[PDB]
file upload_32.txt (compact mmCIF, C-alpha atoms and all ligand atoms)
# COMPACT_ATOMS: atom_id res chain seq x y z
CA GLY A 3 0.00 0.00 0.00
CA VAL A 4 0.96 3.68 -0.24
CA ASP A 5 2.31 3.69 3.32
CA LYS A 6 4.23 0.40 2.77
CA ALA A 7 5.91 0.39 -0.70
CA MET A 8 9.57 1.20 -0.11
CA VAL A 9 12.81 1.46 -2.08
CA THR A 10 16.03 0.68 -0.12
CA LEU A 11 18.66 3.31 -0.83
CA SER A 12 22.32 2.28 -1.13
CA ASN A 13 22.92 3.24 2.56
CA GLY A 14 20.05 1.05 3.76
CA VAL A 15 17.56 3.87 4.36
CA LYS A 16 13.99 2.88 3.40
CA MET A 17 12.46 5.61 1.25
CA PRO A 18 8.77 5.42 0.47
CA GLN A 19 8.36 4.73 -3.22
CA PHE A 20 5.34 7.04 -3.48
CA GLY A 21 5.11 10.56 -2.14
CA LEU A 22 3.40 13.93 -2.49
CA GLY A 23 5.16 16.59 -4.53
CA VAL A 24 4.54 20.17 -3.36
CA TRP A 25 6.29 21.78 -6.27
CA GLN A 26 4.22 24.88 -7.29
CA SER A 27 1.80 24.47 -4.36
CA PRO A 28 1.36 27.92 -2.84
CA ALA A 29 2.66 28.61 0.68
CA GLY A 30 -0.01 28.75 3.39
CA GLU A 31 -3.34 26.87 3.70
CA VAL A 32 -3.13 25.31 0.24
CA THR A 33 0.14 23.53 0.96
CA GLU A 34 -0.77 22.80 4.56
CA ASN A 35 -3.99 21.11 3.48
CA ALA A 36 -2.36 19.17 0.64
CA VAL A 37 0.23 17.77 3.04
CA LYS A 38 -2.32 17.03 5.78
CA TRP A 39 -4.68 15.28 3.33
CA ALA A 40 -1.85 13.24 1.82
CA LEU A 41 -0.65 12.07 5.26
CA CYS A 42 -4.22 11.26 6.29
CA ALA A 43 -4.61 9.18 3.10
CA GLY A 44 -1.52 7.15 3.99
CA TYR A 45 1.28 8.97 2.21
CA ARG A 46 4.46 8.85 4.26
CA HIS A 47 6.73 10.93 1.97
CA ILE A 48 6.59 14.65 1.12
CA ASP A 49 8.89 16.28 -1.44
CA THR A 50 9.56 20.02 -1.18
CA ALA A 51 12.37 22.49 -1.96
CA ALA A 52 13.66 25.78 -0.66
CA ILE A 53 12.75 27.48 -3.94
CA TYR A 54 9.08 26.39 -3.54
CA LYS A 55 8.98 28.78 -0.54
CA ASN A 56 6.53 26.48 1.24
CA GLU A 57 8.68 24.50 3.67
CA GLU A 58 7.01 26.19 6.68
CA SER A 59 3.66 25.00 5.36
CA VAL A 60 4.93 21.46 4.88
CA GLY A 61 6.02 21.41 8.50
CA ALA A 62 2.69 22.87 9.60
CA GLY A 63 0.77 20.30 7.56
CA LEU A 64 2.80 17.47 9.08
CA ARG A 65 2.09 18.75 12.57
CA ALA A 66 -1.61 19.15 11.71
CA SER A 67 -1.82 15.56 10.47
CA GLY A 68 -0.94 14.03 13.82
CA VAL A 69 1.28 11.44 12.09
CA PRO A 70 4.53 11.06 14.11
CA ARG A 71 7.38 12.85 12.38
CA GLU A 72 9.53 9.70 12.58
CA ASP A 73 7.03 7.87 10.38
CA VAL A 74 7.30 10.43 7.55
CA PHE A 75 10.11 10.88 4.99
CA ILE A 76 10.78 14.55 4.17
CA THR A 77 12.88 15.55 1.16
CA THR A 78 14.03 19.07 0.46
CA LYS A 79 16.55 20.67 -1.93
CA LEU A 80 19.42 23.16 -2.08
CA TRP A 81 18.62 26.00 -4.48
CA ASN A 82 21.02 26.92 -7.29
CA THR A 83 22.08 30.31 -5.98
CA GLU A 84 23.24 28.82 -2.66
CA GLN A 85 25.73 26.31 -4.04
CA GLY A 86 29.19 26.29 -2.53
CA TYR A 87 30.39 24.75 0.69
CA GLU A 88 29.56 27.20 3.53
CA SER A 89 26.52 28.48 1.66
CA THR A 90 25.16 24.93 1.36
CA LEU A 91 25.54 24.34 5.10
CA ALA A 92 23.64 27.60 5.68
CA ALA A 93 20.90 26.74 3.24
CA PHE A 94 20.42 23.38 4.86
CA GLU A 95 20.02 25.00 8.26
CA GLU A 96 17.46 27.45 6.92
CA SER A 97 15.43 24.59 5.34
CA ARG A 98 15.62 22.62 8.60
CA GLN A 99 14.42 25.52 10.74
CA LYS A 100 11.56 26.27 8.32
CA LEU A 101 10.39 22.64 8.31
CA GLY A 102 10.57 22.65 12.11
CA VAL A 103 12.50 19.38 12.25
CA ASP A 104 15.69 18.14 13.93
CA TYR A 105 16.83 16.16 10.86
CA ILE A 106 15.89 15.96 7.20
CA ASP A 107 15.51 12.55 5.55
CA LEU A 108 16.83 13.40 2.08
CA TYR A 109 18.60 16.52 0.82
CA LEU A 110 19.17 17.05 -2.91
CA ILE A 111 21.16 19.46 -5.06
CA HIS A 112 18.19 20.87 -7.03
CA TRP A 113 20.07 21.44 -10.36
CA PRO A 114 23.66 21.22 -11.53
CA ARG A 115 23.16 24.68 -13.19
CA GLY A 116 23.41 25.14 -16.93
CA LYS A 117 26.55 24.91 -19.02
CA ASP A 118 27.19 28.61 -19.41
CA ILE A 119 27.00 29.14 -15.65
CA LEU A 120 29.30 26.13 -15.09
CA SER A 121 31.77 27.53 -17.57
CA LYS A 122 31.84 30.94 -15.87
CA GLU A 123 31.44 30.04 -12.20
CA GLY A 124 32.79 26.50 -12.08
CA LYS A 125 31.13 23.26 -11.03
CA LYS A 126 29.97 24.51 -7.63
CA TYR A 127 27.80 21.38 -7.31
CA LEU A 128 31.00 19.51 -6.37
CA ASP A 129 31.69 21.66 -3.35
CA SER A 130 27.99 21.52 -2.47
CA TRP A 131 28.36 17.70 -2.58
CA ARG A 132 31.28 17.92 -0.13
CA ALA A 133 29.03 19.97 2.19
CA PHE A 134 26.33 17.26 1.82
CA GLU A 135 28.90 14.64 2.82
CA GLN A 136 29.66 16.65 5.97
CA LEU A 137 25.95 17.03 6.84
CA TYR A 138 25.57 13.26 6.40
CA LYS A 139 28.62 12.48 8.54
CA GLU A 140 27.15 14.73 11.23
CA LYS A 141 23.86 12.83 11.19
CA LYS A 142 21.92 15.92 10.22
CA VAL A 143 20.46 14.25 7.13
CA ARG A 144 19.63 10.56 6.60
CA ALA A 145 20.38 10.38 2.87
CA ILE A 146 21.87 12.65 0.19
CA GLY A 147 21.32 12.91 -3.55
CA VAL A 148 20.91 15.11 -6.57
CA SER A 149 18.23 16.35 -9.00
CA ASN A 150 18.33 17.03 -12.72
CA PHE A 151 21.81 15.52 -13.15
CA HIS A 152 22.69 13.97 -16.52
CA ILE A 153 25.15 11.07 -16.74
CA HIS A 154 28.06 13.45 -17.27
CA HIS A 155 27.25 15.48 -14.12
CA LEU A 156 27.04 12.22 -12.15
CA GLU A 157 30.38 11.11 -13.51
CA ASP A 158 31.87 14.36 -12.17
CA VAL A 159 30.48 13.63 -8.66
CA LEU A 160 31.46 9.93 -8.78
CA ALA A 161 35.07 10.90 -9.51
CA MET A 162 35.34 12.91 -6.26
CA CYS A 163 32.78 11.50 -3.82
CA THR A 164 33.27 9.71 -0.53
CA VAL A 165 29.50 9.02 -0.46
CA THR A 166 27.71 8.12 -3.69
CA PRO A 167 24.53 10.09 -4.46
CA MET A 168 21.59 7.96 -3.40
CA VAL A 169 18.81 9.44 -5.50
CA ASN A 170 18.67 11.42 -8.76
CA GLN A 171 15.27 13.11 -9.19
CA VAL A 172 14.69 14.00 -12.90
CA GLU A 173 11.85 14.78 -15.34
CA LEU A 174 10.53 11.35 -16.23
CA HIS A 175 7.25 10.34 -17.85
CA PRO A 176 6.08 8.32 -20.85
CA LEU A 177 7.23 10.99 -23.36
CA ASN A 178 10.68 11.23 -21.74
CA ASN A 179 11.42 7.94 -20.09
CA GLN A 180 15.12 8.41 -19.27
CA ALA A 181 16.11 4.85 -20.23
CA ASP A 182 19.82 5.65 -20.68
CA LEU A 183 20.04 7.54 -17.38
CA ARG A 184 18.18 4.73 -15.60
CA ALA A 185 20.69 2.13 -16.91
CA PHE A 186 23.65 4.18 -15.62
CA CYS A 187 21.98 4.93 -12.29
CA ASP A 188 21.18 1.22 -11.83
CA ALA A 189 24.90 0.43 -12.39
CA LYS A 190 25.88 2.95 -9.71
CA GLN A 191 23.05 2.14 -7.16
CA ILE A 192 21.55 5.61 -7.60
CA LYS A 193 17.74 5.40 -7.29
CA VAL A 194 15.80 7.36 -9.92
CA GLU A 195 12.90 9.51 -8.85
CA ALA A 196 10.41 10.96 -11.33
CA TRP A 197 9.34 14.55 -11.28
CA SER A 198 6.46 15.66 -13.29
CA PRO A 199 5.49 12.01 -13.53
CA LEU A 200 2.11 12.95 -15.02
CA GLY A 201 3.65 15.37 -17.51
CA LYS A 204 -2.39 16.82 -22.87
CA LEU A 205 -0.52 13.66 -21.82
CA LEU A 206 -3.33 12.54 -19.52
CA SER A 207 -5.66 12.57 -22.58
CA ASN A 208 -3.43 10.12 -24.44
CA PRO A 209 -5.64 7.45 -26.09
CA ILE A 210 -3.24 4.57 -25.38
CA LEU A 211 -3.06 5.55 -21.71
CA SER A 212 -6.78 5.98 -21.19
CA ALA A 213 -7.58 2.71 -22.96
CA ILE A 214 -5.19 0.86 -20.67
CA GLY A 215 -6.86 2.57 -17.70
CA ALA A 216 -10.27 1.47 -18.91
CA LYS A 217 -9.27 -2.22 -18.54
CA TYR A 218 -8.57 -1.87 -14.81
CA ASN A 219 -11.10 0.91 -14.09
CA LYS A 220 -8.20 3.29 -13.57
CA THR A 221 -7.50 6.77 -14.95
CA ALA A 222 -4.59 7.64 -17.29
CA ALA A 223 -2.80 9.25 -14.37
CA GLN A 224 -3.15 6.08 -12.29
CA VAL A 225 -1.75 4.06 -15.22
CA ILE A 226 1.30 6.35 -15.48
CA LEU A 227 1.97 6.09 -11.74
CA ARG A 228 1.57 2.32 -11.73
CA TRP A 229 4.08 2.21 -14.63
CA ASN A 230 6.47 4.25 -12.42
CA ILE A 231 6.07 1.71 -9.60
CA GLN A 232 6.65 -1.29 -11.90
CA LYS A 233 9.85 0.33 -13.29
CA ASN A 234 11.06 0.51 -9.64
CA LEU A 235 11.03 4.29 -9.76
CA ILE A 236 10.27 6.65 -6.87
CA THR A 237 7.32 8.85 -7.81
CA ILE A 238 6.06 12.13 -6.34
CA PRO A 239 2.95 13.33 -8.12
CA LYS A 240 1.85 16.85 -7.21
CA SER A 241 -1.70 17.89 -6.48
CA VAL A 242 -3.36 20.39 -4.15
CA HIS A 243 -6.77 18.82 -4.46
CA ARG A 244 -7.86 16.23 -1.92
CA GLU A 245 -9.70 13.97 -4.39
CA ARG A 246 -6.72 13.90 -6.76
CA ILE A 247 -4.22 13.28 -3.93
CA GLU A 248 -6.29 10.26 -2.90
CA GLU A 249 -6.85 9.06 -6.49
CA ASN A 250 -3.18 9.22 -7.37
CA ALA A 251 -2.30 6.96 -4.46
CA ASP A 252 -4.94 4.30 -5.30
CA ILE A 253 -2.61 2.27 -7.53
CA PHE A 254 -1.76 -0.72 -5.37
CA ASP A 255 -4.78 -2.86 -6.20
CA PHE A 256 -3.94 -3.49 -9.86
CA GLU A 257 -1.01 -4.43 -12.04
CA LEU A 258 -0.02 -3.58 -15.62
CA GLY A 259 0.80 -6.58 -17.77
CA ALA A 260 3.71 -6.97 -20.18
CA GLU A 261 1.86 -5.68 -23.27
CA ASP A 262 0.52 -2.66 -21.34
CA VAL A 263 4.02 -1.75 -20.13
CA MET A 264 5.41 -2.22 -23.65
CA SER A 265 2.76 0.11 -25.09
CA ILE A 266 3.62 2.79 -22.54
CA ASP A 267 7.37 2.45 -23.18
CA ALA A 268 6.54 2.91 -26.92
CA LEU A 269 5.27 6.45 -26.24
CA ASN A 270 8.77 7.80 -25.58
CA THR A 271 9.91 10.70 -27.75
CA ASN A 272 12.58 12.23 -25.48
CA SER A 273 10.35 15.31 -25.18
CA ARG A 274 10.81 17.51 -22.09
CA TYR A 275 8.28 19.86 -20.59
CA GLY A 276 10.94 21.23 -18.25
CA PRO A 277 14.39 22.80 -18.80
CA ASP A 278 17.23 20.62 -20.07
CA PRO A 279 19.76 20.77 -17.21
CA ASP A 280 22.58 21.31 -19.74
CA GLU A 281 20.91 24.33 -21.40
CA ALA A 282 19.27 26.04 -18.44
CA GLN A 283 20.11 29.75 -17.96
CA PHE A 284 19.82 29.38 -14.18
CL CL B 301 0.47 -8.52 -21.67
call {"tool": "encode", "arguments": {"input": "upload_32.txt", "output": "structure tokens"}}
result
Amino acid sequence: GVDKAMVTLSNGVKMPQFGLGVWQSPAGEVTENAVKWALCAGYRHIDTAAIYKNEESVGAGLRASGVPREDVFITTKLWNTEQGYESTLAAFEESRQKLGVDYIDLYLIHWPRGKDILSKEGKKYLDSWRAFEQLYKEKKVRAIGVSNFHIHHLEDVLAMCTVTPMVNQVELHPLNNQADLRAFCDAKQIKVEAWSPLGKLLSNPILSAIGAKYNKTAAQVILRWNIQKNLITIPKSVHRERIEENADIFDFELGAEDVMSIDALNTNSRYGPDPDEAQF
């Protein structure tokens, strides 16, 4: 079930495979309610970021839910402008105080930053990674990873790390299924987590026809496909009925032909920025 499906990270930490994204959920009551409703529906994983400016609301929603903090996995992320060693330690402290927690479960570098910034300012994600390693040694964070890293960015970290990144959270859905990145990450025990897992994609005729066989929606089909590919998935919604619907994917299974038809939809088409080309 949604509270029970887990992926074991390389350091043995159990990370719930399914969580609530609060990307683009407004700070205040909207985020508090989304978090509270998700926890009440059995979610045990919330994904936020400093740049979402809603970490206070995530903490407030968790407190409102009455679910013990030790039963919930909280991920947050270092924003691009704060990369660097001392600045990363500071950013982490600010995120921690806003969430109202003593420890964070997973901390991610949000982006590597685009190639023109790397060329002018250097690969500051490497020194941020050293600061992550220090936070992990100090027991301030249970797991560390990255977001929006391509294979080449990971190779840069793997050449210098004392602790391998445990998660890489990237744009991943049936139109951009990240097969090559997933093969590399599998080789290096880096778990792949899908952002924007639902991407007009939810009107796709193949997807809704598959859903019709199991009395599921296209969105539920996409999320079940995430689960069967052993991916971590964090669909975002602020609406209670959608938050509950998205998690109701553990009572059905996609067969081989279904999964093949979904894999066939790939076009390597991104809705979000390409991490190499980003001008931020
Ligand atoms: Cl089949």
call {"tool": "residues_near_ligand", "arguments": {"input": "upload_32.txt", "ligand": "ligand CL 301 (chain B)", "cutoff": "8 Å", "atoms": "all atoms listed in the file", "output": "ChimeraX atom specification"}}
result
/A:258-263
call {"tool": "residues_near_point", "arguments": {"input": "upload_32.txt", "point": "(31.5, 17.1, -7.4)", "cutoff": "6 Å", "atoms": "only C-alpha atoms", "output": "ChimeraX atom specification"}}
result
/A:127-128,131,158-159,162
call {"tool": "write_last_selection", "arguments": {"input": "upload_32.txt", "atoms": "C-alpha atoms", "output": "PDB file, in the frame of the given file"}}
result
ATOM      1  CA  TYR A 127      27.800  21.380  -7.310  1.00  0.00           C
ATOM      2  CA  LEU A 128      31.000  19.510  -6.370  1.00  0.00           C
ATOM      3  CA  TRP A 131      28.360  17.700  -2.580  1.00  0.00           C
ATOM      4  CA  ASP A 158      31.870  14.360 -12.170  1.00  0.00           C
ATOM      5  CA  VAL A 159      30.480  13.630  -8.660  1.00  0.00           C
ATOM      6  CA  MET A 162      35.340  12.910  -6.260  1.00  0.00           C
TER       7      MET A 162
END
call {"tool": "residues_near_point", "arguments": {"input": "upload_32.txt", "point": "(10.7, 10.0, -12.5)", "cutoff": "6 Å", "atoms": "all atoms listed in the file", "output": "CSV table (one decimal) with C-alpha atoms, keeping the file's coordinate frame"}}
result
chain,number,residue,atom,x,y,z
A,172,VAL,CA,14.7,14.0,-12.9
A,173,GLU,CA,11.8,14.8,-15.3
A,174,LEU,CA,10.5,11.4,-16.2
A,195,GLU,CA,12.9,9.5,-8.8
A,196,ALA,CA,10.4,11.0,-11.3
A,197,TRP,CA,9.3,14.6,-11.3
A,199,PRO,CA,5.5,12.0,-13.5
A,237,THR,CA,7.3,8.8,-7.8
call {"tool": "residues_around", "arguments": {"input": "upload_32.txt", "residues": "residue 152 (chain A)", "least_positions_apart": "2", "cutoff": "9 Å", "atoms": "all atoms listed in the file", "output": "JSON, numbers by chain"}}
result
{"A": [114, 150, 154, 155, 156, 157, 172, 183, 279, 280]}
call {"tool": "closest_residue", "arguments": {"input": "upload_32.txt", "among": "A:201, A:19, A:123, A:52", "to": "residue 232 (chain A)", "atoms": "all atoms listed in the file"}}
result
A:19
call {"tool": "axis_aligned_box", "arguments": {"input": "upload_32.txt", "around": "region 217-234 of chain A", "padding_each_side": "3 Å", "output": "lines of an AutoDock Vina configuration file"}}
result
center_x = 0.0
center_y = 3.5
center_z = -14.1
size_x = 28.2
size_y = 17.5
size_z = 14.9
call {"tool": "closest_residue", "arguments": {"input": "upload_32.txt", "among": "A:23, A:30, A:3, A:70", "to": "residue 171 (chain A)", "atoms": "only C-alpha atoms"}}
result
A:23
call {"tool": "atom_distance", "arguments": {"input": "upload_32.txt", "atom1": "CA of residue 264 (chain A)", "atom2": "CA of residue 21 (chain A)"}}
result
25.0 Å
call {"tool": "residues_around", "arguments": {"input": "upload_32.txt", "residues": "residue 209 (chain A)", "least_positions_apart": "4", "cutoff": "12 Å", "atoms": "all atoms listed in the file", "output": "VMD selection string"}}
result
chain A and resid 204 to 205 213 to 216 221 to 222 265 to 266 269
call {"tool": "build_atoms", "arguments": {"input": "upload_32.txt", "residues": "region 13-39 of chain A", "atoms": "N, CA and C atoms", "output": "PDB file, in the frame of the given file"}}
result
ATOM      1  N   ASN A  13      22.497   3.201   1.147  1.00  0.00           N
ATOM      2  CA  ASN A  13      22.920   3.240   2.560  1.00  0.00           C
ATOM      3  C   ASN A  13      21.951   2.545   3.513  1.00  0.00           C
ATOM      4  N   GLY A  14      20.996   1.799   2.940  1.00  0.00           N
ATOM      5  CA  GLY A  14      20.050   1.050   3.760  1.00  0.00           C
ATOM      6  C   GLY A  14      18.805   1.790   4.216  1.00  0.00           C
ATOM      7  N   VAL A  15      18.757   3.105   4.014  1.00  0.00           N
ATOM      8  CA  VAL A  15      17.560   3.870   4.360  1.00  0.00           C
ATOM      9  C   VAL A  15      16.374   3.428   3.492  1.00  0.00           C
ATOM     10  N   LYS A  16      15.217   3.254   4.136  1.00  0.00           N
ATOM     11  CA  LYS A  16      13.990   2.880   3.400  1.00  0.00           C
ATOM     12  C   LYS A  16      13.237   4.152   3.033  1.00  0.00           C
ATOM     13  N   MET A  17      13.137   4.403   1.744  1.00  0.00           N
ATOM     14  CA  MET A  17      12.460   5.610   1.250  1.00  0.00           C
ATOM     15  C   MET A  17      11.126   5.210   0.632  1.00  0.00           C
ATOM     16  N   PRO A  18      10.014   5.806   1.130  1.00  0.00           N
ATOM     17  CA  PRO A  18       8.770   5.420   0.470  1.00  0.00           C
ATOM     18  C   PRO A  18       8.741   5.679  -1.008  1.00  0.00           C
ATOM     19  N   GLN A  19       8.303   4.662  -1.747  1.00  0.00           N
ATOM     20  CA  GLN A  19       8.360   4.730  -3.220  1.00  0.00           C
ATOM     21  C   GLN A  19       7.412   5.767  -3.771  1.00  0.00           C
ATOM     22  N   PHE A  20       6.382   6.131  -3.003  1.00  0.00           N
ATOM     23  CA  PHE A  20       5.340   7.040  -3.480  1.00  0.00           C
ATOM     24  C   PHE A  20       5.268   8.183  -2.500  1.00  0.00           C
ATOM     25  N   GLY A  21       5.233   9.410  -3.020  1.00  0.00           N
ATOM     26  CA  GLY A  21       5.110  10.560  -2.140  1.00  0.00           C
ATOM     27  C   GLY A  21       4.338  11.688  -2.787  1.00  0.00           C
ATOM     28  N   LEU A  22       4.080  12.724  -1.985  1.00  0.00           N
ATOM     29  CA  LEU A  22       3.400  13.930  -2.490  1.00  0.00           C
ATOM     30  C   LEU A  22       4.407  14.993  -2.877  1.00  0.00           C
ATOM     31  N   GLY A  23       4.358  15.442  -4.126  1.00  0.00           N
ATOM     32  CA  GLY A  23       5.160  16.590  -4.530  1.00  0.00           C
ATOM     33  C   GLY A  23       4.435  17.866  -4.115  1.00  0.00           C
ATOM     34  N   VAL A  24       5.161  18.848  -3.584  1.00  0.00           N
ATOM     35  CA  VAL A  24       4.540  20.170  -3.360  1.00  0.00           C
ATOM     36  C   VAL A  24       5.191  21.278  -4.177  1.00  0.00           C
ATOM     37  N   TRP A  25       5.889  20.875  -5.213  1.00  0.00           N
ATOM     38  CA  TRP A  25       6.290  21.780  -6.270  1.00  0.00           C
ATOM     39  C   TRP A  25       5.120  22.616  -6.831  1.00  0.00           C
ATOM     40  N   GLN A  26       5.254  23.946  -6.836  1.00  0.00           N
ATOM     41  CA  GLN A  26       4.220  24.880  -7.290  1.00  0.00           C
ATOM     42  C   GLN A  26       2.929  24.929  -6.451  1.00  0.00           C
ATOM     43  N   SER A  27       2.931  24.300  -5.269  1.00  0.00           N
ATOM     44  CA  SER A  27       1.800  24.470  -4.360  1.00  0.00           C
ATOM     45  C   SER A  27       2.082  25.717  -3.551  1.00  0.00           C
ATOM     46  N   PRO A  28       1.138  26.650  -3.554  1.00  0.00           N
ATOM     47  CA  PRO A  28       1.360  27.920  -2.840  1.00  0.00           C
ATOM     48  C   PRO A  28       1.585  27.754  -1.343  1.00  0.00           C
ATOM     49  N   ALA A  29       2.463  28.572  -0.773  1.00  0.00           N
ATOM     50  CA  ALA A  29       2.660  28.610   0.680  1.00  0.00           C
ATOM     51  C   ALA A  29       1.361  28.967   1.401  1.00  0.00           C
ATOM     52  N   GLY A  30       1.198  28.456   2.619  1.00  0.00           N
ATOM     53  CA  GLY A  30      -0.010  28.750   3.390  1.00  0.00           C
ATOM     54  C   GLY A  30      -1.003  27.591   3.423  1.00  0.00           C
ATOM     55  N   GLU A  31      -2.293  27.906   3.563  1.00  0.00           N
ATOM     56  CA  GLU A  31      -3.340  26.870   3.700  1.00  0.00           C
ATOM     57  C   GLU A  31      -3.342  25.843   2.575  1.00  0.00           C
ATOM     58  N   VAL A  32      -3.117  26.265   1.333  1.00  0.00           N
ATOM     59  CA  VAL A  32      -3.130  25.310   0.240  1.00  0.00           C
ATOM     60  C   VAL A  32      -2.095  24.197   0.417  1.00  0.00           C
ATOM     61  N   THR A  33      -0.853  24.557   0.736  1.00  0.00           N
ATOM     62  CA  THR A  33       0.140  23.530   0.960  1.00  0.00           C
ATOM     63  C   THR A  33      -0.122  22.790   2.263  1.00  0.00           C
ATOM     64  N   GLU A  34      -0.503  23.512   3.322  1.00  0.00           N
ATOM     65  CA  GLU A  34      -0.770  22.800   4.560  1.00  0.00           C
ATOM     66  C   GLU A  34      -1.825  21.720   4.356  1.00  0.00           C
ATOM     67  N   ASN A  35      -2.914  22.063   3.667  1.00  0.00           N
ATOM     68  CA  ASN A  35      -3.990  21.110   3.480  1.00  0.00           C
ATOM     69  C   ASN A  35      -3.535  19.954   2.600  1.00  0.00           C
ATOM     70  N   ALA A  36      -2.762  20.237   1.553  1.00  0.00           N
ATOM     71  CA  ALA A  36      -2.360  19.170   0.640  1.00  0.00           C
ATOM     72  C   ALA A  36      -1.528  18.154   1.418  1.00  0.00           C
ATOM     73  N   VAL A  37      -0.583  18.658   2.200  1.00  0.00           N
ATOM     74  CA  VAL A  37       0.230  17.770   3.040  1.00  0.00           C
ATOM     75  C   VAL A  37      -0.603  16.987   4.073  1.00  0.00           C
ATOM     76  N   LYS A  38      -1.477  17.686   4.808  1.00  0.00           N
ATOM     77  CA  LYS A  38      -2.320  17.030   5.780  1.00  0.00           C
ATOM     78  C   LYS A  38      -3.204  15.946   5.136  1.00  0.00           C
ATOM     79  N   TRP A  39      -3.828  16.257   4.002  1.00  0.00           N
ATOM     80  CA  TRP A  39      -4.680  15.280   3.330  1.00  0.00           C
ATOM     81  C   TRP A  39      -3.874  14.086   2.816  1.00  0.00           C
TER      82      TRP A  39
END
